[PDB]
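>>> Sequence, then structure. It's an experimental one.
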Amino acid sequence: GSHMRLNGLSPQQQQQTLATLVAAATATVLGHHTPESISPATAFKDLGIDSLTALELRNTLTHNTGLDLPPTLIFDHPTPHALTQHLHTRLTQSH
Ligand SMILES: *P(=O)(O)OCC(C)(C)[C@@H](O)C(=O)NCCC(=O)NCCSC(=O)CCCCCCC
């Protein structure tokens, strides 16, 4: 797990990856929408995320990160943006 062997990226270079991840993640749980078109400043609320699909989103981006993530993930930081930051820290600060 953790394809992060490409480490050495600047914050935003990782963030863009992650903003694409979480978007592709959420767009998959709901089975809709081009992930590239998922706006970071928008809330998963608006994107169509409920409580059940919240965890599925986490599940997806957790499987794509290879680390372990709290079931309160989406409960605490719901946005494509906020997860981008959290997962960024999870990848750089945590190994
Ligand atoms: P969930 O418990 O699985 O949601 C199903 C629910 C709330 C019982 C139904 O009423 C329903 O499908 N309506 C959803 C309305 C909402 O906007 N609620 C979404 C999640 S409720 C909640 O607060 C869970 C924590 C997630 C916080 C971010 C809100 C998406």
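Good, I have the coordinates. Residues are numbered from 1 along each chain as shown.
>>> If you drop the residues flanking it in sequence, what lies closest to residue 18?
residue 84 (4.3 Å; C-beta to C-beta, 6 or more residues apart in numbering). No exception for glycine: its C-beta is placed from N, CA and C like everyone else's.
>>> check which helix or strand covers that neighbour.
helix 80-92 (DSSP states H and E).
>>> for that helix, which positions count as buried?
Buried residues in helix 80-92, counted by 16 or more other C-beta atoms under 10 Å: 80-88, 90-91.
>>> quick one: secondary structure of residue 65?
Under DSSP: H, G, I helix; E, B strand; the rest coil, residue 65 falls in the coil class.
>>> Pull the number of nearby residues for it.
20 (other C-beta atoms under 10 Å).
>>> helices and strands around the helix or strand harbouring residue 62, which ones?
Using DSSP H and E, residue 62 maps to helix 51-63. For helix 51-63, the elements it packs on are helix 11-29, helix 73-76, judged by 3 or more C-beta pairs under 8 Å, 6 or more residues apart in numbering; DSSP states H and E.
>>> is any part of that helix close to the ligand?
Yes: Helix 51-63 reaches the ligand (C-beta under 6 Å from any ligand atom) through 51-52, 54.
>>> how close does residue 78 get to the ligand?
Distance, residue 78 to the ligand, using C-beta to the nearest ligand atom, to the nearest Å: 5 Å.
>>> so does stretch 22-41 get close to the ligand?
No: Stretch 22-41 lies out of reach of the ligand by C-beta under 6 Å from any ligand atom, never closer than 11.1 Å.
>>> Can you name the residues in contact with that stretch?
19-20, 44, 47-49, 53, 56-57, 60-61, 64, 79-81, 83-84, 87 (C-beta atoms under 8 Å, 6 or more residues apart in numbering).
>>> which of those are buried?
19, 44, 47, 49, 53, 56-57, 60-61, 64, 79-81, 83-84, 87.
>>> quick one: which of the residues you listed is nearest to residue 11?
Residue 11 lies nearest to residue 84 out of the buried ones among the contacts of stretch 22-41, by C-beta to C-beta, at 10.0 Å.
>>> Understood, closing this out.
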